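Structure, as structure tokens:
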Amino acid sequence: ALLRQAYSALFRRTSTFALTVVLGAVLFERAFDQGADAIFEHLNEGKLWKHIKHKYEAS
Amino acid sequence: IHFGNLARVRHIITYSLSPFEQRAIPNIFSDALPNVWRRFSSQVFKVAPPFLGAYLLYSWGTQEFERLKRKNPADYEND
Amino acid sequence: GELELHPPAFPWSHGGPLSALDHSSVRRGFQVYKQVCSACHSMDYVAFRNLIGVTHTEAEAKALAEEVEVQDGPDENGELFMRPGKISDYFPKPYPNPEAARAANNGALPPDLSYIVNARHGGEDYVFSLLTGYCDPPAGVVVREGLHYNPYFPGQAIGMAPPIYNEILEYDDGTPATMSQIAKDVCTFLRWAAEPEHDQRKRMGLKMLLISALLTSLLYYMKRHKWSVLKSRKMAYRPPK
Amino acid sequence: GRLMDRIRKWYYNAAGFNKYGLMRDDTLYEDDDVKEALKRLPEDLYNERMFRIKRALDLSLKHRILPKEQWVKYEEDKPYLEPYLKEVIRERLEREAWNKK
Amino acid sequence: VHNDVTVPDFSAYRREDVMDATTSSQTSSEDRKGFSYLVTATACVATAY
Amino acid sequence: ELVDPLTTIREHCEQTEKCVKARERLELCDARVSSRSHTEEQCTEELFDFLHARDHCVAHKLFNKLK
Amino acid sequence: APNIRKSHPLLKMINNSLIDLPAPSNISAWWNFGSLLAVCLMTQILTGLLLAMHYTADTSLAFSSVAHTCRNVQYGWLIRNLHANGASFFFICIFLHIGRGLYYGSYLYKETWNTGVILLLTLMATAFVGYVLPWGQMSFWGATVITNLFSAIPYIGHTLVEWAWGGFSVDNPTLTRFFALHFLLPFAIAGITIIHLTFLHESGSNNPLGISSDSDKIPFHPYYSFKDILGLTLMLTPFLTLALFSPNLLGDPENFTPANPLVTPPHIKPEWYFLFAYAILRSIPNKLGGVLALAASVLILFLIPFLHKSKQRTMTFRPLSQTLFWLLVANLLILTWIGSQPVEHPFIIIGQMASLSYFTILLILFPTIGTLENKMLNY
Amino acid sequence: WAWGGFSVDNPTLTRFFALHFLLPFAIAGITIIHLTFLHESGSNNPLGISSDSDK
Amino acid sequence: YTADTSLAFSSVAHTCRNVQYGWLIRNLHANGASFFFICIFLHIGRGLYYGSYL
Ligand code: HEC
Ligand code: HEM
Ligand code: HEM
Ligand code: HEM
Ligand SMILES: CO/N=C(/C(=O)OC)c1ccccc1CO/N=C(/C)c1cccc(C(F)(F)F)c1
Ligand SMILES: CCCCCCCCO[C@@H]1O[C@H](CO)[C@@H](O)[C@H](O)[C@H]1O
């Protein structure tokens with residue numbers, strides 16, 4: 001039972017609860033941004049400089 | 001200090017449950033929605049009317065304003 | 001003189017709330033401006049460095065800026081002098097001041113285009129309809145010498161002669177330079193000139209929505225949770241009676 | 001006349017406080033006169049008013065009302081305070097009048 | 001007298017696990033708290049972001 | 001030579017019940033306005049109704065044929 | 001004292017107004033606007049300062065300094081957006097706050113009400129001077145149009161005006177004093193807001209049923225702190241959606257053009273939140289009369305406490321008043337609409353109708369219907 | 001970060017103006033807190049002994 | 001005043017030379033800063049000497 005394990009390990013002692021928020025936010029950021037950017041670029045295929053850049057990128 | 005000097009109260013019993021023993025959003029279909037509808041119903045005829053009137057006056061005035069910009073052929077039939 | 005024609009809504013590729021600008025189109029639009037509009041239209045708020053990472057390469061931008069001579073100084077003897085441009089310079093002004101500008105356009109003043117698509121109702125739809133909307137005046141209407149008829153311009157008599165026509169230039173990317181294709185590109189470019197933050201702004205909008213959806217739901221549950229105590233509360237009146 | 005005597009019953013139902021199980025007098029804004037009147041109510045009337053009001057507040061927070069069966073009926077509404085309030089005001093007007101004299 | 005007083009029935013609101021009067025409510029307590037606290041901790045993470 | 005999809009679609013659209021009708025009223029106005037010598041009238045209104053209908057039509061299709 | 005939350009001279013203050021503060025158990029979402037107004041205020045001040053750190057109060061640099069901020073400052077464009085649009089969130093909230101007060105008789109708390117009127121007046125002055133800062137076309141002309149109204153006051157007319165401009169027209173000296181005023185006023189608002197809440201705490205909050213809630217009070221925390229946080233995110237979403245997806249929806253394109261005193265824009269009209277008053281202004285053709293009308297359109301709020309005739313506090317149980325109330329609300333949307341329209345038929349006549357009904361409803365109908373309703377309750 | 005660039009320059013000046021305009025108001029604010037704590041005890045006096053006997 | 005490196009110095013000069021009593025206000029403000037500190041230092045001194053810090 002994850003809810004119980006969570007409660008015991010993470011949410012019971014206020015110290016661990018804060019630790020869970022911090023460690024939780026660090027992981028949420030990394031994930032959430034990658035996904036958002038991923039979504040945004042897919043919705044705009046070949047329109048961003050990231051996409052057309054190769055055409056003039058060639059010293 | 002504002003708790004304890006408020007009102008003379010007698011013979012009222014109240015019962016409540018911890019938030020962890022009950023449901024946050026209970027009986028959505030059996031109680032919630034019916035009431036939402038109930039509330040909407042009881043007010044629609046007090047609120048809607050004037051807003052509807054406003055809309056009309058709006059539409060009229062907007063169209064009437066554009067109609068006055070158009071030309072009346074009855075000013076050039078002579079020539 | 002009363003009555004005005006309102007442009008139509010074209011389906012720009014950057015119109016969707018989540019749709020960025022087509023940078024390839026912006027790049028061509030820059031070319032149009034640089035080779036056609038920049039002859040009479042200033043774009044004071046944009047600099048060559050702004051192109052870098054958007055429509056051009058750093059090497060490309062540096063070359064573009066060097067094609068221009070800028071006035072620097074004073075020097076040792078307190079003299080002004082010319083020098084080749086740097087990417088930190090802003091697009092060159094066609095005229096020293098407005099008086100000189102009008103002087104070269106029949107007393108008409110071609111406005112700076114840095115914010116044009118936001119300084120006009122209609123935005124790009126307006127600028128686009130205008131560029132491609134020149135035509136002969138209807139019966140009863142006479143355009144005074146020097147002015148050109150455009151139904152999309154208020155008063156319908158604009159001081160700008162149709163600026164673009166088919167093949168008036170060549171896109172070095174190989175796109176067919178038709179008149180409407182050109183107008184479309186320069187308008188997309190104008191959008192970007194007005195708000196370079198455009199793409200980032202929308203990318204942020206996306207993140208704002210997701211987090212807003214997530215967070216609002218979460219907070220709704222919490223509010224409900226706490227209030228459940230009062231919502232389900234029951235009371236009774238029990239007098240000794 | 002028995003003309004608006006109907007209008008009243010109409011308004012009474014339009015108002016809707018009876019849906020909260022409240023008496024007309026329960027809904028009075030407690031200005032000074034009303035406050036004095038309330039201090040004069042007998043214990044039982046006072047506690048009944050209190051429960052009715054607390055009950056209404058609880059319904060109001062819940063966004064519910066009483067079942068149709070429990071609504072106060074126009075003709076069964078007790079004007080429990082109107083008598084005291086009428087007295088309180090005369091006394092006041094007496095003093096006011098007398099203090100000018 | 002108070003002997004005549006009893007707590008109304010909260011079945012219309014009780015959570016599923018404490019609905020049965022003959023079952024210990026403790027066994028599901030870490031479950032009920034774990035869930036609500038999980039919602040809360042997540043709001044904190046969403047807010048910290 | 002090259003062809004501007006704009007001009008092409010402008011034609012296809014002028015061949016629309018909506019335009020054809022607006023275009024018709026215009027030519028009538030144009031005719032009588034051109035054939036007098038002391039009238040105020042102008043055909044702006046008529047020209048606008050035409051351009052509005054035509055251009056609204058062009059919008060729907062034009063960007064499809066552009067890069 | 002046992003807990004340090006009550007003894008401490010400061011925490012005690014924080015506790016008696018945000019934690020152990022007795023609040024009615026039944027106040028609705030309409031009571032959520034006070035806190036939003038506060039947060040809104042903190043936010044304007046914050047984004048304001050951030051903008052001020054890159055602005056230059058000079059006719060020759062104002063416009064471009066704002067442009068430099070949006071184009072060069074890291075997230076300057078975002079801060080600018082949030083500040084400009086935040087002004088609207090502020091007014092939307094303030095109007096709902098007021099509405100709630102009229103509908104529920106919150107105005108019976110006279111001092112809380114009057115300070116409130118003062119907050120609104122100060123907020124308007126703030127937004128007026130703020131708007132001028134970017135020095136665009138509507139910035140300049142709006143400044144001109146409104147300030148010229150005062151030359152209409154006989155005697156101290158031309159004087160008061162030339163004193164305000166610091167010259168013979170809206171020019172640099174005006175811009176610099178307006179920047180100081182804009183920077184300053186928000187702090188008066190914050191100050192007065194404290195007085196507002198101080199008078200308020202004398203009585204505590206009113207509630208939707210209009211009857212004493214002493215029988216059922218709950219601590220502000222967690223009930224309302226949670227309810228309010230929720231209300232914050234609920235409003236904040238549309239706000240951000242607008243500012244991030246449709247940045248210029250509410251603004252005039254005319255302000256993307258450097259002010260020019262030699263070119264009057266065709267349609268000089270204010271931001272939406274002033275339109276209703278702009279309509280009333282123009283309803284009275286006569287410089288002086290219109291100015292008084294404008295003034296009265298807001299000062300009228302100081303009279304509300306004296307036009308209460310009902311024996312009941314709120315409008316919850318007063319259906320005749322309820323419709324009159326919504327009639328009024330619609331009256332306002334109409335004025336808002338007339339305000340954005342040129343001064344021509346049929347807008348002109350409609351405008352005077354709307355202006356006239358506005359004052360009638362508040363001055364004559366509300367008090368009258370209230371009396372009428374008292375009789376229908378056999379009172 | 002403080003300069004807003006690589007030396008004291010215009011960006012520094014404009015943020016310094018904002019700060020200068022602002023801080024005085026914080027001083028006024030804090031001054032109120034100052035006097036609030038002070039009123040908990042009341043003024044001290046030159047002999048350093050309780051003045052309750054003579055206020 | 002004008003917060004710009006190119007106008008600051010002269011805006012203060014314009015104030016002292018053109019604004020009605022601008023020269024007086026400028027003086028009072030600059031010198032008032034000193035009155036402020038003299039006062040604050042005596043305030044503190046008093047406090048140290050009399051144990052107000054307690
Ligand atoms: C010969 C100089 C010249 C060229 C080249 C030119 N313009 Fe203009 N433009 C003008 C003039 C002159 C005006 C002023 C018209 C008036 O106000 O009567 C003007 C005005 C404008 C306006 C609209 C003004 C308004 O009030 O709506 C826009 C937009 C515009 N030009 C866009 C362009 C674009 C894009 C190009 C390049 C495709 C371009 N111009 C090239 C001369 C030119
Ligand atoms: C910057 C503006 C304002 C701020 C920050 C502010 C803040 C608040 C806050 C926090 C409350 C408590 C919560 C609530 O009931 O909403 C409140 C209550 C109140 N305010 Fe305001 N307010 C503002 C403007 C005004 C205005 C313009 C009016 C009236 C013209 C007003 C009238 C009231 C009244 C009468 C109440 C009583 C609420 C009740 O009936 O319980 N306020 N205000
Ligand atoms: C009561 C809160 C405030 C309100 C209602 C408000 C309102 C406004 C308005 C309407 C504008 C015009 C925005 C635009 O269209 O460009 C503006 C601009 C500005 N405000 Fe505020 N403001 C507030 C507080 C402040 C504060 C406290 C400061 C800083 C001390 C500030 C600094 C500025 C600056 C520098 C601008 C100019 C840049 C710009 O126009 O974006 N404002 N403000
Ligand atoms: C803007 C600065 C300040 C303001 C407006 C201010 C104002 C006041 C006022 C009005 C009093 C009461 C009258 C008096 O005894 O002089 C007071 C007392 C006092 N202030 Fe300040 N003060 C300031 C700065 C300070 C500083 C810097 C200190 C110490 C580092 C300080 C320490 C005290 C203390 C300890 C008292 C107690 C006096 C006693 O022994 O009775 N104040 N202050
Ligand atoms: C400096 O002008 N700022 C404008 C603006 O939109 O700021 C958001 C503006 C714009 C166009 C026309 C009129 C106005 C001026 O505002 N108009 C009215 C009509 C008004 C009405 C009542 C009160 C006040 C005041 F003084 F803020 F207190 C102003
Ligand atoms: C209601 C709460 C809304 C908060 C939304 C936070 C989203 C802001 O996210 C921003 O997105 C930009 C574009 O990818 C990045 O460049 C910024 O670094 C990032 O902070």
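Letters for chains follow the order of the structure tokens (A, B, ...), residue numbers begin at 1 for each chain, and ligand numbers begin at 1 in the order shown.
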List as a PDB file with N, CA, C and O atoms, in the first residue's frame the protein and nucleic acid residues near residue 44 (chain A), meaning an atom at most 7 Å away when only C-alpha atoms are counted, but skip any in the same chain fewer than 4 places from it.
ATOM      1  N   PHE A  40       5.436  21.901 -26.767  1.00  0.00           N
ATOM      2  CA  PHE A  40       5.457  23.136 -27.532  1.00  0.00           C
ATOM      3  C   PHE A  40       6.143  23.011 -28.886  1.00  0.00           C
ATOM      4  O   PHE A  40       5.650  23.517 -29.895  1.00  0.00           O
TER       5      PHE A  40
ATOM      6  N   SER C  19       0.822  28.516 -31.048  1.00  0.00           N
ATOM      7  CA  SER C  19       1.626  28.465 -32.254  1.00  0.00           C
ATOM      8  C   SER C  19       2.602  29.613 -32.467  1.00  0.00           C
ATOM      9  O   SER C  19       2.219  30.780 -32.643  1.00  0.00           O
ATOM     10  N   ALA C  20       3.877  29.238 -32.465  1.00  0.00           N
ATOM     11  CA  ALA C  20       4.982  30.162 -32.663  1.00  0.00           C
ATOM     12  C   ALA C  20       4.977  30.762 -34.072  1.00  0.00           C
ATOM     13  O   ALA C  20       4.109  30.470 -34.904  1.00  0.00           O
TER      14      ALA C  20
END
Got a sec: who's within 12 Å of residue 6 (chain B), counting only C-alpha atoms, leaving out chain neighbours fewer than 3 positions off, as a ChimeraX atom specification?
/B:1-3,9 /G:22-24,203-204,212-218
Which residues of chain G come within 12 Å of ligand 1, and for each one, what is the closest pair of atoms and their distance in Å to one decimal, counting only C-alpha atoms and all ligand atoms, sorted by chain and residue number, as CSV?
residue,atom,partner,partner_atom_place_in_ligand_line,distance
G:253,CA,ligand 1,27 (O),11.8
G:254,CA,ligand 1,26 (O),11.1
G:257,CA,ligand 1,26 (O),11.0
G:265,CA,ligand 1,26 (O),11.9
In chain D, what's alpha helix (DSSP H) per DSSP? Answer as a PyMOL selection string?
chain D and resi 4-15+32-40+43-62+82-100
Using only C-alpha atoms and all ligand atoms, what are the residues with an atom within 9 Å of ligand 6, set out as a list in words?
residues 33, 36 and 37 of chain A; 199, 200, 201, 202, 203, 204, 205, 206, 207, 208, 209, 210, 211, 212, 213, 215 and 216 of chain C; 46, 47 and 49 of chain E; 233, 236, 237 and 240 of chain G
Those residues with N, CA and C atoms, as a PDB file, in the first residue's frame please?
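Here's the written file out_11.pdb:
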ATOM      1  N   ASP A  33       9.325  20.648 -17.209  1.00  0.00           N
ATOM      2  CA  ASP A  33       9.848  21.523 -18.254  1.00  0.00           C
ATOM      3  C   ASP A  33      10.130  20.748 -19.526  1.00  0.00           C
ATOM      4  N   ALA A  36       6.842  20.108 -21.224  1.00  0.00           N
ATOM      5  CA  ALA A  36       6.229  21.314 -21.766  1.00  0.00           C
ATOM      6  C   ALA A  36       6.931  21.718 -23.049  1.00  0.00           C
ATOM      7  N   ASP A  37       8.252  21.827 -22.988  1.00  0.00           N
ATOM      8  CA  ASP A  37       9.040  22.200 -24.157  1.00  0.00           C
ATOM      9  C   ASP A  37       8.797  21.197 -25.283  1.00  0.00           C
TER      10      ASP A  37
ATOM     11  N   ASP C 199       7.187  33.909 -29.217  1.00  0.00           N
ATOM     12  CA  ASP C 199       7.304  32.472 -28.958  1.00  0.00           C
ATOM     13  C   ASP C 199       7.459  32.146 -27.486  1.00  0.00           C
ATOM     14  N   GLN C 200       8.424  32.780 -26.819  1.00  0.00           N
ATOM     15  CA  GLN C 200       8.620  32.524 -25.398  1.00  0.00           C
ATOM     16  C   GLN C 200       7.322  32.809 -24.641  1.00  0.00           C
ATOM     17  N   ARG C 201       6.630  33.870 -25.029  1.00  0.00           N
ATOM     18  CA  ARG C 201       5.391  34.215 -24.364  1.00  0.00           C
ATOM     19  C   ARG C 201       4.386  33.076 -24.426  1.00  0.00           C
ATOM     20  N   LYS C 202       4.275  32.437 -25.585  1.00  0.00           N
ATOM     21  CA  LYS C 202       3.322  31.346 -25.734  1.00  0.00           C
ATOM     22  C   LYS C 202       3.802  30.069 -25.053  1.00  0.00           C
ATOM     23  N   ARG C 203       5.102  29.807 -25.118  1.00  0.00           N
ATOM     24  CA  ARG C 203       5.646  28.627 -24.467  1.00  0.00           C
ATOM     25  C   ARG C 203       5.329  28.750 -22.977  1.00  0.00           C
ATOM     26  N   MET C 204       5.422  29.972 -22.456  1.00  0.00           N
ATOM     27  CA  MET C 204       5.116  30.227 -21.048  1.00  0.00           C
ATOM     28  C   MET C 204       3.622  30.034 -20.810  1.00  0.00           C
ATOM     29  N   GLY C 205       2.804  30.518 -21.742  1.00  0.00           N
ATOM     30  CA  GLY C 205       1.365  30.370 -21.609  1.00  0.00           C
ATOM     31  C   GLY C 205       1.000  28.914 -21.400  1.00  0.00           C
ATOM     32  N   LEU C 206       1.620  28.036 -22.181  1.00  0.00           N
ATOM     33  CA  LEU C 206       1.367  26.604 -22.064  1.00  0.00           C
ATOM     34  C   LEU C 206       1.659  26.144 -20.633  1.00  0.00           C
ATOM     35  N   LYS C 207       2.859  26.442 -20.142  1.00  0.00           N
ATOM     36  CA  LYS C 207       3.236  26.056 -18.789  1.00  0.00           C
ATOM     37  C   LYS C 207       2.297  26.647 -17.732  1.00  0.00           C
ATOM     38  N   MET C 208       1.858  27.886 -17.947  1.00  0.00           N
ATOM     39  CA  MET C 208       0.945  28.537 -17.022  1.00  0.00           C
ATOM     40  C   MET C 208      -0.350  27.741 -16.927  1.00  0.00           C
ATOM     41  N   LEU C 209      -0.881  27.326 -18.071  1.00  0.00           N
ATOM     42  CA  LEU C 209      -2.124  26.557 -18.094  1.00  0.00           C
ATOM     43  C   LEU C 209      -2.041  25.219 -17.392  1.00  0.00           C
ATOM     44  N   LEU C 210      -1.045  24.418 -17.739  1.00  0.00           N
ATOM     45  CA  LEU C 210      -0.921  23.116 -17.105  1.00  0.00           C
ATOM     46  C   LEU C 210      -0.829  23.264 -15.588  1.00  0.00           C
ATOM     47  N   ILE C 211       0.131  24.060 -15.128  1.00  0.00           N
ATOM     48  CA  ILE C 211       0.299  24.274 -13.697  1.00  0.00           C
ATOM     49  C   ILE C 211      -0.976  24.837 -13.089  1.00  0.00           C
ATOM     50  N   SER C 212      -1.606  25.770 -13.784  1.00  0.00           N
ATOM     51  CA  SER C 212      -2.843  26.357 -13.295  1.00  0.00           C
ATOM     52  C   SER C 212      -3.938  25.290 -13.145  1.00  0.00           C
ATOM     53  N   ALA C 213      -4.017  24.371 -14.102  1.00  0.00           N
ATOM     54  CA  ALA C 213      -5.010  23.307 -14.038  1.00  0.00           C
ATOM     55  C   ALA C 213      -4.696  22.412 -12.844  1.00  0.00           C
ATOM     56  N   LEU C 215      -2.638  22.843 -10.124  1.00  0.00           N
ATOM     57  CA  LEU C 215      -2.726  23.558  -8.853  1.00  0.00           C
ATOM     58  C   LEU C 215      -4.141  23.931  -8.426  1.00  0.00           C
ATOM     59  N   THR C 216      -4.974  24.383  -9.356  1.00  0.00           N
ATOM     60  CA  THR C 216      -6.336  24.744  -8.990  1.00  0.00           C
ATOM     61  C   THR C 216      -7.118  23.532  -8.511  1.00  0.00           C
TER      62      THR C 216
ATOM     63  N   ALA E  46       3.795  21.947  -6.586  1.00  0.00           N
ATOM     64  CA  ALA E  46       3.299  22.751  -7.706  1.00  0.00           C
ATOM     65  C   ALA E  46       3.544  24.222  -7.434  1.00  0.00           C
ATOM     66  N   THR E  47       3.357  24.615  -6.181  1.00  0.00           N
ATOM     67  CA  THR E  47       3.558  25.996  -5.791  1.00  0.00           C
ATOM     68  C   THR E  47       5.037  26.342  -5.747  1.00  0.00           C
ATOM     69  N   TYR E  49       7.218  25.176  -7.532  1.00  0.00           N
ATOM     70  CA  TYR E  49       7.681  25.278  -8.902  1.00  0.00           C
ATOM     71  C   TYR E  49       7.337  26.657  -9.445  1.00  0.00           C
TER      72      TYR E  49
ATOM     73  N   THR G 233      -6.149  31.570  -6.968  1.00  0.00           N
ATOM     74  CA  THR G 233      -5.815  30.804  -8.165  1.00  0.00           C
ATOM     75  C   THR G 233      -6.951  30.794  -9.177  1.00  0.00           C
ATOM     76  N   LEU G 236      -6.681  34.322 -10.720  1.00  0.00           N
ATOM     77  CA  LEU G 236      -5.363  34.421 -11.331  1.00  0.00           C
ATOM     78  C   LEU G 236      -5.211  33.698 -12.675  1.00  0.00           C
ATOM     79  N   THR G 237      -5.990  32.638 -12.898  1.00  0.00           N
ATOM     80  CA  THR G 237      -5.902  31.886 -14.148  1.00  0.00           C
ATOM     81  C   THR G 237      -6.342  32.720 -15.341  1.00  0.00           C
ATOM     82  N   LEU G 240      -3.764  35.576 -16.023  1.00  0.00           N
ATOM     83  CA  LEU G 240      -2.588  35.135 -16.747  1.00  0.00           C
ATOM     84  C   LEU G 240      -2.905  34.704 -18.178  1.00  0.00           C
TER      85      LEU G 240
END
With a distance threshold of 12 Å and counting only C-alpha atoms, extract the residues of chain I near chain G and express them as an MDAnalysis selection string.
chainID I and resid 1:8 11 14:15 18:20
Prev. selection, N, CA and C atoms, output as a short mmCIF file (atom, residue, chain, number, x, y, z; two decimals), in the first residue's frame:
data_model
loop_
_atom_site.label_atom_id
_atom_site.label_comp_id
_atom_site.auth_asym_id
_atom_site.auth_seq_id
_atom_site.Cartn_x
_atom_site.Cartn_y
_atom_site.Cartn_z
N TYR I 1 13.14 66.05 -11.13
CA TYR I 1 14.35 65.29 -11.37
C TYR I 1 14.20 64.35 -12.55
N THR I 2 15.32 63.96 -13.15
CA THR I 2 15.29 63.02 -14.25
C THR I 2 16.40 62.01 -14.02
N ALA I 3 16.02 60.77 -13.74
CA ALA I 3 17.00 59.72 -13.50
C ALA I 3 17.60 59.18 -14.79
N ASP I 4 18.58 59.91 -15.31
CA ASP I 4 19.30 59.49 -16.49
C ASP I 4 20.66 60.13 -16.40
N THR I 5 21.69 59.35 -16.67
CA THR I 5 23.05 59.88 -16.59
C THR I 5 23.22 61.16 -17.42
N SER I 6 22.51 61.24 -18.54
CA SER I 6 22.64 62.41 -19.40
C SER I 6 21.81 63.63 -18.98
N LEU I 7 20.96 63.48 -17.97
CA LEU I 7 20.13 64.61 -17.57
C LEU I 7 20.10 64.86 -16.05
N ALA I 8 20.52 63.88 -15.26
CA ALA I 8 20.52 64.02 -13.80
C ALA I 8 21.14 65.31 -13.27
N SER I 11 19.25 68.27 -14.35
CA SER I 11 17.87 68.36 -13.85
C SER I 11 17.91 68.99 -12.44
N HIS I 14 18.60 72.55 -13.09
CA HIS I 14 17.40 73.21 -13.58
C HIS I 14 16.51 73.49 -12.38
N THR I 15 16.40 72.51 -11.48
CA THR I 15 15.59 72.71 -10.29
C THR I 15 16.07 73.93 -9.52
N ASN I 18 15.69 77.18 -12.06
CA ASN I 18 14.39 77.58 -12.61
C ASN I 18 13.16 77.39 -11.78
N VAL I 19 13.10 76.31 -11.02
CA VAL I 19 11.94 76.03 -10.19
C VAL I 19 11.80 77.10 -9.11
N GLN I 20 10.57 77.55 -8.89
CA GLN I 20 10.32 78.56 -7.86
C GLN I 20 10.78 77.94 -6.55
#
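If one restricts the calculation to only C-alpha atoms and all ligand atoms, the set of residues situated within 7 Å of ligand 4 consists of residues 27, 31, 34, 35, 38, 42, 43, 44 and 45 of chain H; 40, 43, 44, 47, 50, 51, 52 and 53 of chain I.
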So that I have them on file, write out the residues from the current selection with N, CA and C atoms, as a short mmCIF file (atom, residue, chain, number, x, y, z; two decimals), in the first residue's frame.
data_model
loop_
_atom_site.label_atom_id
_atom_site.label_comp_id
_atom_site.auth_asym_id
_atom_site.auth_seq_id
_atom_site.Cartn_x
_atom_site.Cartn_y
_atom_site.Cartn_z
N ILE H 27 11.22 53.45 6.28
CA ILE H 27 11.63 54.06 7.53
C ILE H 27 10.39 54.49 8.31
N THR H 31 9.37 52.95 11.77
CA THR H 31 9.27 53.87 12.89
C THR H 31 8.01 53.57 13.71
N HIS H 34 8.71 50.72 15.84
CA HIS H 34 9.64 51.21 16.85
C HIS H 34 8.82 51.73 18.03
N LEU H 35 7.95 52.70 17.77
CA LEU H 35 7.13 53.28 18.82
C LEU H 35 6.14 52.29 19.43
N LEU H 38 8.07 50.34 21.89
CA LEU H 38 8.33 51.30 22.95
C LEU H 38 7.16 51.46 23.89
N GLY H 42 6.95 52.06 27.86
CA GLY H 42 6.85 53.48 28.14
C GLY H 42 8.29 53.94 28.18
N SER H 43 8.51 55.25 28.25
CA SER H 43 9.87 55.78 28.29
C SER H 43 10.66 55.45 29.54
N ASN H 44 11.97 55.38 29.36
CA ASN H 44 12.89 55.14 30.46
C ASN H 44 13.14 56.58 30.94
N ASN H 45 13.98 56.78 31.94
CA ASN H 45 14.23 58.14 32.39
C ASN H 45 15.68 58.29 32.86
N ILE I 40 19.99 61.50 14.82
CA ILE I 40 20.02 60.09 15.08
C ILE I 40 21.20 59.70 15.97
N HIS I 43 20.33 60.62 19.51
CA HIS I 43 19.28 59.69 19.93
C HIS I 43 19.96 58.40 20.43
N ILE I 44 20.86 57.86 19.63
CA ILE I 44 21.58 56.65 20.00
C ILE I 44 22.43 56.87 21.26
N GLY I 47 20.58 56.74 24.24
CA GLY I 47 20.25 55.36 24.55
C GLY I 47 21.35 54.54 25.19
N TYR I 50 21.91 55.90 28.85
CA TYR I 50 20.82 55.64 29.79
C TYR I 50 20.24 54.23 29.80
N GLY I 51 20.87 53.33 29.05
CA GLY I 51 20.44 51.95 29.04
C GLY I 51 19.11 51.72 28.40
N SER I 52 18.74 52.60 27.49
CA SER I 52 17.47 52.46 26.79
C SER I 52 17.49 51.14 26.01
N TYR I 53 18.69 50.69 25.67
CA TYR I 53 18.84 49.46 24.91
C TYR I 53 18.30 48.27 25.64
#
Using only C-alpha atoms and all ligand atoms: which of G:87, G:333, G:161, G:11 has the shortest distance to ligand 5
G:87
